[PDB]
Amino acid sequence: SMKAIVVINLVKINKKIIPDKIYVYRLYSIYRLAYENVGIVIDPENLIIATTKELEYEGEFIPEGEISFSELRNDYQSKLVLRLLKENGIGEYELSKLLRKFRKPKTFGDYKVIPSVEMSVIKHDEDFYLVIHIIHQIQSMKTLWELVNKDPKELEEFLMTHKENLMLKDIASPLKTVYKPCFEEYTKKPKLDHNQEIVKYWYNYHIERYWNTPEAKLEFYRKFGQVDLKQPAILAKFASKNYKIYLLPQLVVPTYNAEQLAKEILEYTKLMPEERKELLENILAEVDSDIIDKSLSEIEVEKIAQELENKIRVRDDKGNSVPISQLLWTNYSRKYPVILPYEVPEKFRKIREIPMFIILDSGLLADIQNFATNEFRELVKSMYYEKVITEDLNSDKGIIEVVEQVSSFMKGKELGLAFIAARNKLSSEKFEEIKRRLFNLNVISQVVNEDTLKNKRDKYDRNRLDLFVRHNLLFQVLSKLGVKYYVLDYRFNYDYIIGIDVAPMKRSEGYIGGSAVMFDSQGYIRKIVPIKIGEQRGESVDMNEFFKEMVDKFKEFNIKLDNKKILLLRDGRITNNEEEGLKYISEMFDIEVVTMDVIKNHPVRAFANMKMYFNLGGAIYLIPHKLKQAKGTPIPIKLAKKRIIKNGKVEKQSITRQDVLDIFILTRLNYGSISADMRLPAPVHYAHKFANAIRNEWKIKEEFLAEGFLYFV
Ligand SMILES: [Mn+2]
């Protein structure tokens, strides 16, 4: 509707930081060499570096003469300035120490949350801005070995249940180097060796190398103790950036990037907009340099009309058409609300009976149990426009008894629904495992935890779940069944909107390189497909093959893309190779492809909690919605380098207000997922989710996927 001024985490840099003369050169590493000489790598392949100092290098090299700051592509200008700021004592090391002067490390259990700042340079107009973004690392104060209780048959479990985000820091080394545990590719089995000789070499390697003094050794042993030969050696690779190193759980500690991911920790890593603003001002005021401004830059944003808030509507059996944003004699009943869909998959026309399962976590008080079972019973009735299983969902014996009991009632059946009520104790893996195991049996499931059950009750009926919550549960289940329970008063100027994502995983006669999720111009999800490919030749996926298989797979599912216009989006920056693949697919099928980067991981932050969007550095930042309940700062979705590809040809475009509106609507298609955090247009979001489901051994019912069933969500 209207404009506004908000503060962002940028601080203008002084032009005077720009170097007098710049030296180019053609050819520790190439990046080190540059950094060592106060310069940067202009060209990775042809090893060309730009230096602000006479290049010192005792090897070969060819001087390519001086160049001026105005001749570098923007990116390089920004990288070069970032590097120069460091020379002035303004780098991630320095300012992170300042941050910790105001936001100190806090420990929770055996874990320590460490605040620090992530810094980059964005060139906006003709100026350069230093982006300072507060982030947190979560390091264990206990060693991996100590964590698993020196039990090997417990260590492997750990590497497995935490495979996705687990990293290991070698606290036994002066450089505190971080590593990534290696796994039996396409498996969750970690690469291990109980070979006592390996464990001895490397354990002895640390000492002879970094602690070769009587006292350095004494501390070492006081600190870590004698080698525990019963421990297996963990094969892993550098986290920076092929090599492969050995780590001893006795000398490493798990480490994680908080943003990349308990409870008391989150209330500490989540910061309100004013807390972030304050902390950067504390840092800035402590910065004794005039090479950068003393205060945060403000920018003019475009607020988003509350009208676009109501383009998604639901309806009942009568003629009530209210948008997604939520006395009468009947309000006394526990009956759920009535949602009359606009479209129901044709698969439901034949299906006979549909088994219903109330799966109750035996560890929930009786009342909570009855509450849940009574709530599910009402949820199912509305579902229609029964077996009760009770087990300790928090033990490998129960989940198995549950699955075992379900498969018993599911043989001969095409579809089943499971309503699970579990404590909050359950790990994500356990929830994921119950849902995946149960889907192997054609059972779609909806989990509801104790939290919602206790704190989301209705003020007029404490024996009934919150009416807001009730509608969202209904939406989630319905969406897992491909039901078009809503209508969108909007039309996309595209034939189809497609979200893809690459995540190579070998599977039973498969080899799947990624996934694609298709939405039609009405904003409905119509097809979800896996992208099967050949065994990777070179160290890089053949996108041409990838995207062709995309076109072919959709045909298999009843959708020809040839001679069609589509908005293809992916989870992240669009790589050159993916572009080629898109040019490839463009010509071969005469497909008009409109694409752009859709970044969710950038450091730019606007210290205001409201729906808005603005232009910064040639990109567009958008906040799809405001945080309504939970504490924290909104994370904008970054859009950039848009382009249209017709007849194998790429033509750079500019992101228009209409473009931003399309992303906005696509982002609000979160399908009643309580706790809105969808920071990606539904197409890319679900694309990402499916790639995961495949990598997690989820059954691929092509029958459901062809109708848009979000069963893996
Ligand atoms: Mn992804």
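Among the numbered criteria (1) in contact with a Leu (Cβ under 7 Å, 6 or more places away or on another chain); (2) within 16 Å of the ligand (Cβ to nearest atom), which one does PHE554 miss?
(2)
Would you be able to say whether some residue in segment 208-215 is part of a strand (DSSP E or B) and over 30 Å from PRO273 (Cβ atoms)?
Looking for residues that are part of a strand (DSSP E or B) and over 30 Å from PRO273 (Cβ atoms), one finds none in segment 208-215, hence no.
Does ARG491 count as farther than 30 Å from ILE351 by Cα and basic (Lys, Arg)?
Yes.
Give me a count of the residues in segment 18-42 that are among the small types (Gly, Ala, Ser) and surrounded by fewer than 20 Cβ atoms within 10 Å (Cβ to Cβ).
Number of matching residues: 1.
So which residues in segment 499-529 are more than 16 Å from the ligand (Cβ to nearest atom) and more than 22 Å from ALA682 (Cβ to Cβ), if there are any at all?
Answer for segment 499-529, where residues must be more than 16 Å from the ligand (Cβ to nearest atom) and more than 22 Å from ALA682 (Cβ to Cβ): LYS506, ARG507, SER508, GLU509, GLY510, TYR511.
Go through segment 570-594 and count every residue that is away from the ligand (no atom under 16 Å from the Cβ) and either under 14 Å from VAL551 (Cα atoms) or touching a strand residue (DSSP E or B) at 6+ places or on another chain (Cβ under 6 Å) (or both).
Matching residues across segment 570-594 total 14.
Mind checking which residues of segment 668-687 are surrounded by fewer than 22 Cβ atoms within 10 Å (Cβ to Cβ) and within 11 Å of the ligand (Cβ to nearest atom)?
none
Just checking, does segment 641-648 include any residue being touching an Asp or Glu at 6+ places or on another chain (Cβ under 9 Å), β-branched (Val, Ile, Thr) and in a helix (DSSP H, G or I)?
Among the residues of segment 641-648, not one is touching an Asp or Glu at 6+ places or on another chain (Cβ under 9 Å), β-branched (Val, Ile, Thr) and in a helix (DSSP H, G or I), which makes the answer no.
Restricting to segment 210-241, name every residue that is of a type in the set (S, T, N, Q) and farther than 25 Å from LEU155 by Cβ.
Within segment 210-241, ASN212, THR213 meet the criteria.
Listed here are the residues, each with its yes/no results for (1) farther than 19 Å from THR143 by Cα; (2) exposed (fewer than 14 other Cβ atoms within 10 Å of the Cβ); (3) among the basic types (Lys, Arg).
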{"position": "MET167", "(1), (2), (3)": "no, no, no"}
{"position": "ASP170", "(1), (2), (3)": "no, no, no"}
{"position": "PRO190", "(1), (2), (3)": "no, no, no"}
{"position": "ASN195", "(1), (2), (3)": "yes, yes, no"}
{"position": "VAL199", "(1), (2), (3)": "no, no, no"}
{"position": "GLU208", "(1), (2), (3)": "yes, yes, no"}
{"position": "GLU215", "(1), (2), (3)": "yes, yes, no"}
{"position": "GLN226", "(1), (2), (3)": "no, yes, no"}
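Tell me, yes or no, whether segment 128-140 has at least one residue that is within 26 Å of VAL11 (Cβ to Cβ), in a strand (DSSP E or B), out of contact with any helix residue (DSSP H, G or I) (no Cβ under 9 Å at 6 or more places or on another chain) and among the hydrophobic types (A, V, I, L, M, F, W, C).
yes
Return the residues of segment 554-579 that are in contact with a helix residue (DSSP H, G or I) (Cβ under 6 Å, 6 or more places away or on another chain) and more than 26 Å from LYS626 (Cα to Cα); say none if nothing qualifies.
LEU561, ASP562, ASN577, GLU578
Read the figures in this text as sums done on the coordinates, not as results from a lab. No Cβ is skipped: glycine too gets one built from the backbone with ideal geometry, and neighbour counts run over all protein chains shown.
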